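Residue numbers (my numbering), protein chains in the order written: chain A, 3 to 206; chain B, 2 to 242; chain C, 93 to 342; chain D, 14 to 256; chain E, 30 to 260; chain F, 4 to 247; chain G, 4 to 224; chain H, 408 to 603.
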Ligand SMILES: *C(=O)[C@H]1NC[C@@](C)(O)[C@](O)([C@H](CC2CCCCC2)NC(=O)[C@H](Cc2ccc(OC)cc2)NC(=O)[C@H](COCc2ccccc2)NC(=O)CN2CCN(C(=O)OC(C)(C)C)CC2)O[C@@H]1C
Ligand SMILES: [Mg+2]
Ligand SMILES: [Mg+2]
Ligand SMILES: [Mg+2]
Ligand SMILES: [Mg+2]
Ligand SMILES: [Mg+2]
């Protein structure tokens, strides 16, 4: 009866030098019962990346809804939505359901294709925007992730260094949470190539 | 031609029902005139009580819209009163929603936008009235804004409306070519009222008794209409001149 | 009581004309001349303030309206119709864009919404078409400078330069002579003033000409400092003084 | 042309022919008058006795609004009743919110704005009555006359229907030769006379006289009908003055 | 002529033709008489058959224990108006424990008919009604007409050749007005009245409809064998 | 009342024709010609602009050719503003389908819904019909490459080659003459231009009066690419097919 | 912690830069100072999304109002629109706002509560840190503050909140609205909570993390 | 809160304290609880600050529109508009309002509207949490037709006691004098009224 912790799962995003990283675990459960080992929580619309933790039905629904809105955007604007603009679209859409919210912790990551600037943001379930230069965390092990990120993180990491940091931050936070883990995915995002790595992690 | 019956375009791009509404403007056979002082705005309209059975006190075409805004109508009284009640409602709603007194030019714009909707939607006829709004606005100072059945409106240094309007207009344009300024350079509203009546007399070639006029005055933080006595005082001042 | 006109007042005639759109365009033809020119580094829109009475104060009548900090509009045709379109245009920029994306719409998409409103008055029950053509000048980061014409039908087209109303036929010929793709904004203002001199009968000065530009950002017009990435409106109305400076060098 | 087939259409004159046609149905009606007095108003009406079968005294046409307002009308009688029903809702609504009974000028504009509304659309017909109404409020006595256009003014005396010009002639005479005022009891007699006089313009059928009054001294500012001794007294007064 | 296309259009002389055409449907309707004393009120109606093989149209409808009416014109319009009056009589009872005054019934019918004469797309009622009742102020007869004009009378008649009975009642006035505490005598004076509106036919046993209401008499309808007494 | 001013936009003539549909088609017959040609390896859409002025912005304009989704495009003949209302509806309808089924909308389903909307305006509501005819070019994994047209009547049909707007009688004769089934996209391009070249009411066909689009498999293995040609790309194709 | 202080020729509002989710700091440098219009600024405490959303809605409607009337927006309009909106929603929109600005009418300072009650004052504080801040305001405030005195008092009042309230921390943001001039927004006016340099670099040797699979993602068409 | 309205020879005087509390915390110590709904019709507010402000704003709106159409409304008319809002919405409102006004015909009038939305015309009225403590005092010391100075003293002494005993009341004593001579605002500071 706490929607945000029925299914479990975590998302973390970090900025580095001319790059961003966004990572998620693969667990979907029904309380104690692990159900699926392949439930990915990171989606993308063009070059803008969205991670969603929380109630899994709302994760799936919001992804389907933002794919819908960014498709119409692209047809009318004749260009892909940028991360700053998408962040505002997510915020508007969550606050529209103010008195019947989606039970989710969305995380935006991407590089502004014009300025070249790396961008991350996070939100509460009703739409409030937390924009941080350093890192954003979300999900059942957000306390653990805040702890790991705040120690491990330093500014201006090269993509291959940033990979080690975000990975270690997620891996060690998931291992201290019952409802998170069961496999992880890490997206390393540079100006014009995106590398996606599945991490080997303990399966308990 | 049913293009002459509702507010749709004629072949030559015209709205006859708007044009015919302008003609209803002059049915009352009353001329109105507004001028700005330094500190005040004065609006005078001819008062004509033909029937002896009428209560002359109830015969008016000047309306108190808000504390600060006055309105003179050139047109039939039913449409005049429709416009009055609506402006009162709008000026009160504005004050409740936005926490300040509706400005003269904003009420004018709002009544003009309403008028425009009648020129575009078929089921509403235009009102056969021209509305002259006057106040001393807290931002813009002495103000005259006029609205017609086309939904047109603009601000005026001074203005006249009615059948003999063109004579009053040129009379005022002549004064302002000479005077070289935007307004009546006068301290007291009493002497601006005297100017307004004097220049109406010159332009119409007729004299007035106290019962032949009706006068509205806007000062900072109130608009009020003069009694028969207030005007008699004003007419006597003009006599000894 | 209430609207019983739920049927269209604009219908196809046997020739396939839409009578009421044709007649709206005739109303626009009668309207006072307005024009727009697109330079490399900005856009100018200009029109005559043909005053009704000389007792009128024609500065209280704005024919050139800001729609967003970076978009301006001018018209030829029925003034009241323009005024309520400006009101609806400003509002739709907020309700259908800014309240969603937290930024002002790009020029073509605000135009697209204005066009939509005007199309509806062409087909909805119990209304006549709008009796105006609009020229909308605007800037946006990804499209740069643009100029659009919108007609009573709801049709819009982008222009390097054009004119609408009274003397539009002559004005367009004059603009064709003078327009090149290397015009600086000051060059376009100069041409706009020459073109508008053709179709102006009486007085030609800063008090009878209304002229606005979509140009450089004006931090001095923003109203606040301290946010470096907010640099202020690109829409600027030229003052009576500023117009008269360029008439001495005309 | 054809500008007169649809209510709310302006003619090239700037006229609404359907309202002007409504007036003809009013001009066609029985005569009715109102007389403003010192501290009140008097209403009277001519009722054509169609047939001997009409029960005398029992087809009342003067209608009360609230407790303090009398309404009488010439023209289409059902249109009159419809306008009074609306007036009664307006006075109820006003009293409900503001506690005080509706002042007469306030009440006048409520009827005015409603009647005027029936000249704004082609889906309604204008009212086929001129309405004479008024009474006593906190500011004193008020008589009004309201026309199918929605036009109304305050009146010293008023008349409408077939005998309006005969009635108006006799009213102008009262106004001229009583400039300091007329008493409420006097106005009842004068009313009787003017109805008997104005009946000459309508005299195939013989008629029934009906009077009402609001007087701050005589009825305590309430609307009552004139009956019994006072009615017969005014009937006798009028019978003298025709010979 | 040009001004008769709808109820919302005045003629240049200030007439409503759709209302006048409505009034015409009554004129074409079969005759019905109403008349009253101080104690009783009687309705007599001539019922019209389609041919020799048909029933005779019901003209009289009961509205409450103390009120009823007779119709001439469109029968369905009478059904709507009588149904509306039944509801107003009901409402008066359930809410105020009060039998509806015949005068108030009159006013309510007038205002209901009026709405249809001022609004677009509607049509005037195509029926005339005579309403009898015995309320707290004695016996009453009303004449309703679809213009909205309701009239209180000692007696009247409406429909085809009604003028005959209407003149006779005007002559008889002083006789019948005082048939107090005699049911049979008021009915026979009603039967005599309707007989002035007959041509090439007289009152038969399934032709004639009589209704009475009075001091100690519920509104009740006499038809068939129970009117043989009165021919 | 208001009946007097009602045109009755949704009634039958004595011959059982819809007046307003007939008059809308008459309106469309004066619009710039649009051609669709379907090859075995893609579809061509070519449309002629309503006579351009030398001062119209050529590249940033889209009068005729619109994107519905990544797999479907339309060519428009008629009132542009009417077309834009229907296009935004079609774009939403395609996105509703993707949201519901997690599959791109089949071309016919989209076409049928737009045609059903047009039909409605001819049967109820007493409004004027849409003064628009569409050529739909699209691809789905069921029927592959497809051309359809719809018109104000709400009727729709499938085509190998079709034209709408002005001089369709002339254009359908020339297409019927030179179209073959085996035809590749590059030949279909040449046919489209040669056909407009001959039916045009202009003296000569130039780059600045043309909107041109292809839907090929001409990217990376069994995935579909939409190409809306820039001014320069049309100007080049106009020289390579030898019309300039 | 949010404060407003009136002075001779204007009004100043200040705020801390801490955002919290339960006992966790979500954002160490969020901006709680919001622009309703160029010369009307808002400080927000309560439900974070509610104060941002209500500030933007009224800010949008105020911009349209300004364009419709051809007038500078007034603080009393922002006040009336906010209070009527918050009232309609009977406190379910958890917005607590200090609304300050300059307009043609002069300089104004107001507080709005979630239920739609408003207060006038020369100095105000709101939020968890309001008592710490009000202690400083009640100790130092005098009639006829200069600009520099009002800024110092406002930042002193926020510092009380940063130090003594667990709900407040990090930096001090100021907005100065002076009659006649442009509002100046001093982002991170004071930064007295800089993180000390860490003892160690946790930068990992490359290839520390164990990987199952790689792939290039396609963001192109 | 401690609020009262007292009728006297020349008109009516409204009195209130200036303290607003959230629990034991004084949210505002210089509150104005004397609020104008018309030139010479004022009210004293007690209850939810949101509810009484929203009501007072709506009444000011109704009376400004009343004035436009029918001229100056009576004190009774103003009280009737407050009652209408308070009674019809009794389930969603916590509002105790005293309405005080000056007509030139009717002189000074006081109407109290307690939580139910009932209306009571009184020679004087007291309300707010602090009123409980001065019922005894006010009943003993009030006389009809007092002078301006006597009525100012009666209110000052009365609210002085209410403030002394009620923790919810305090700050300055604000008063508003309503007579033919116009409208007068009075303020009395702690250092004065405390040691009465
Ligand atoms: C000074 O006094 C200072 N005190 C600090 C503080 C924290 O009290 C605050 O009021 C801030 C101010 C805001 C800072 C951000 C800019 C806007 C103003 N308020 C918060 O930080 C609030 C605290 C708060 C208040 C009231 C609450 O009632 C439920 C809860 C929490 N923070 C939030 O609301 C918080 C914001 O999350 C930021 C964030 C960003 C990115 C990722 C994650 C988080 N979010 C929540 O509290 C979420 N909460 C979930 C449930 N909810 C809810 O309503 O549930 C439903 C089902 C009913 C919808 C409410 C929101 O500053 C003052 C000045
Ligand atoms: Mg685990
Ligand atoms: Mg386990
Ligand atoms: Mg119209
Ligand atoms: Mg409440
Ligand atoms: Mg105390």
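Positions of the beta carbon are idealized from the N, C-alpha and C atoms, including for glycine.
Can you give me the Cβ contacts of residue i inside the same chain, cut-off strictly under 6 Å, excluding the 5 residues immediately before and after it?
i: residue 194/F; result: 40 and 181
i: residue 119/B; result: 125 and 127
i: residue 211/F; result: 55 and 61
i: residue 232/C; result: 198 and 199
Is any beta-carbon of chain C found at less than 8 Å from that of residue i?
i: residue 134/D; result: yes
i: residue 137/D; result: yes
i: residue 90/A; result: yes
If we define contact as Cβ-Cβ less than 8 Å, is residue i a contact residue for chain D?
i: residue 328/C; result: no
i: residue 132/B; result: no
i: residue 54/B; result: yes
Just to check my reading of the structure: residue i and residue j have Cβ atoms closer than 8 Å, yes? What is that Cβ distance to the nearest angstrom?
i: residue 241/C; j: residue 225/C; result: 6 Å
i: residue 97/E; j: residue 55/E; result: Not confirmed; about 18 Å, so no contact.
i: residue 99/G; j: residue 116/G; result: 6 Å
i: residue 103/G; j: residue 144/G; result: Their Cβ separation, rounded to whole angstroms, is 15 Å, which puts residue 103/G and residue 144/G out of contact at 8 Å.
i: residue 67/B; j: residue 102/B; result: 6 Å
Using a C-beta cutoff of 8 Å, does residue i count as contacting chain G?
i: residue 460/H; result: yes
Apart from the five residues just before and just after residue i, which ones in its own chain have a Cβ nearer than 8 Å to its Cβ?
i: residue 262/C; result: 290 and 291
Is residue i close to chain H, meaning its C-beta is less than 8 Å from at least one C-beta of that chain?
i: residue 113/D; result: yes
Does the beta carbon of residue i come closer than 8 Å to any beta carbon on chain E?
i: residue 95/D; result: yes
| query | Can you list, in chain order, the residues of the segment 288-319 of chain C whose Cβ is nearer than 8 Å to any Cβ on chain G? | reply | 314, 315, 316, 317, 318 and 319
| Uninterrupted alpha helix (DSSP H) stretches inside the segment 199-261 of chain C (no shorter than 4 residues) | 199-212
| request: Give, in chain order, every residue of the segment 97-118 of chain B whose Cβ lies closer than 7 Å to some Cβ of chain G. | output: 98, 99, 100, 101, 104 and 107
| task | With a floor of 4 residues, list each alpha helix (DSSP H) that falls wholly inside the segment 518-574 of chain H, ordered by position along the chain. | result | 542-548 and 555-572
| said: Tell me which residues of the segment 213-229 of chain F have at least one Cβ-Cβ distance to chain B shorter than 7 Å, keeping chain order. | reply: none
| request: Name, going along the chain, the residues of the segment 74-87 of chain B whose beta-carbon falls closer than 7 Å to a beta-carbon of chain H. | output: none
| Short-range partners of chain G found in the segment 438-462 of chain H, where Cβ spacing is below 9 Å | 438, 439, 455, 456, 457, 458, 459, 460 and 461
| Positions along the segment 499-524 of chain H whose CB lies within less than 7 Å of some CB in chain D | none
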